Amino acid sequence: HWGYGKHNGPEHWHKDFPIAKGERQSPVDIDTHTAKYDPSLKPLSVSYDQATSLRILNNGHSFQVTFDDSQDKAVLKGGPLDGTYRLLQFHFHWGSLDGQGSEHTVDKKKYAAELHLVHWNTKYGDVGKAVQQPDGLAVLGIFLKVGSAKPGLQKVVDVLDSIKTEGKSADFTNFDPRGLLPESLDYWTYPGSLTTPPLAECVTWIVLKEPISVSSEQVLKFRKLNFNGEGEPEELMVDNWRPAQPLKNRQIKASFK
Ligand SMILES: C[C@]12CCc3c(ccc4cc(OS(N)(=O)=O)ccc34)[C@H]1CC[C@@H]2OS(N)(=O)=O
Ligand SMILES: [Zn+2]
């Protein structure tokens with residue numbers, strides 16, 4: 001199956017998932033000089049005070065923290081969105097070196113990692129239905145640069161030892177995702193897709209302008225995770241990012257001048 005290697009990586013995905021060559025694939029390069037300021041865009045509304053994290057999991061291509069989405073506890077609204085979107089999970093993409101790792105780029109600049117907070121539109125009732133809809137998901141994308149440590153990230157970093165290999169999971173309660181947000185909520189937005197298979201074109205992307213800083217010691221801990229399952233040959237989980245895709249007939253809008 002698919003992965004990020006030489007023989008099963010992103011350039012191969014179209015063979016099993018033909019939508020990989022589709023009209024609204026993600027990620028994309030954000031050209032800051034051709035993005036259009038849109039004054040009709042609302043501020044983002046992020047209501048994460050009641051979030052309930054459940055588990056942390058190595059799924060073989062990333063690690064993810066899952067949330068209880070059986071009620072409107074942690075929701076995203078406003079911005080370009082109509083309706084209420086519930087937080088399902090967050091995960092990261094990162095590189096083998098500090099100069100790469102993000103999926104989106106800004107004027108071709110790559111960041112060391114990218115945080116994705118995945119939300120789904122409650123009018124479709126469950127996330128499985130939402131992924132079949134052009135406005136089913138909203139993913140909030142946050143860039144990571146290497147510099148000062150991010151204290152709100154350390155609890156994630158400290159548990160990664162216990163989910164080193166594919167399929168391992170651990171309890172991960174009482175994590176507050178508000179500790180991961182930058183100071184500003186200025187954003188770009190464009191209609192896009194999931195960046196791993198099934199690559200469905202169901203995502204409103206909201207990409208924040210302001211990156212968060214994390215320390216070299218925090219990101220090095222990401223790079224010690226494993227693609228393989230326990231007892232298999234050891235392949236470090238690095239460079240789990242899809243390269244930028246053609247923008248085609250799409251405009252990127254900015255919430256800020
Ligand atoms: C498990 C699923 C398929 C994949 C998937 C899902 C959710 C969020 C995802 C985020 C991803 O990453 S990203 N960079 O934000 O786009 C990549 C894949 C994602 C669910 C949605 C229901 C599918 O399950 S299913 N087909 O109904 O059985
Ligand atoms: Zn992602």
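In this chain, numbering begins with 1 at the start of the sequence shown. Computed from heavy atoms alone, side chains included, the values below leave out hydrogens, waters and symmetry copies.
- Judged by distance alone, with hydrogens and angles left aside, the side-chain atoms of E114 form a donor-acceptor pair with the main-chain N or O of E103 at under 3.5 Å.
- Here the straight-line distance linking atom CD of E166 with atom NE2 of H61 works out to 7.0 Å at 0.5 Å rounding.
- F63 has its ring centre less than 6.0 Å from the ring centre of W94.
- In this structure, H104 has its ring center under 6.0 Å from that of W205.
- Taking CG from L87 and OH from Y48, the interatomic distance works out to 5.0 Å, rounded to the nearest 0.5 Å.
- The CG atom of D239 sits 10.5 Å away from atom OH of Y4, with the distance rounded to the nearest 0.5 Å.
- In this structure, the separation between CZ on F227 and OG1 on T165 is 13.5 Å, given to the nearest 0.5 Å.
- The line from CG of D29 to NZ of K110 is 9.0 Å long, rounded to the nearest 0.5 Å.
- A donor-acceptor pair shorter than 3.5 Å cannot be found between the side chains of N249 and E23.
- The 12-atom threshold is not exceeded at CD of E183, counting heavy atoms of other residues, nucleotides or ligands nearer than 6.0 Å.
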Could you go through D135 and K123, starting from their C-alpha distance and side-chain angles, then the distance that decides it, and tell me whether this counts as salt bridge (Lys or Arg N to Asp or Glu O under 4.0 Å)?
CA-CA 10 Å; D135 56 353; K123 71 183 174 185; 3.5 Å; yes
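- Among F92, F143, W241, the single residue meeting the side chain to side chain contact (heavy atoms under 4.5 Å, CB included) criterion with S102 is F143.
- How far CD1 of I163 is from CZ of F172: 9.0 Å, rounded to the nearest 0.5 Å.
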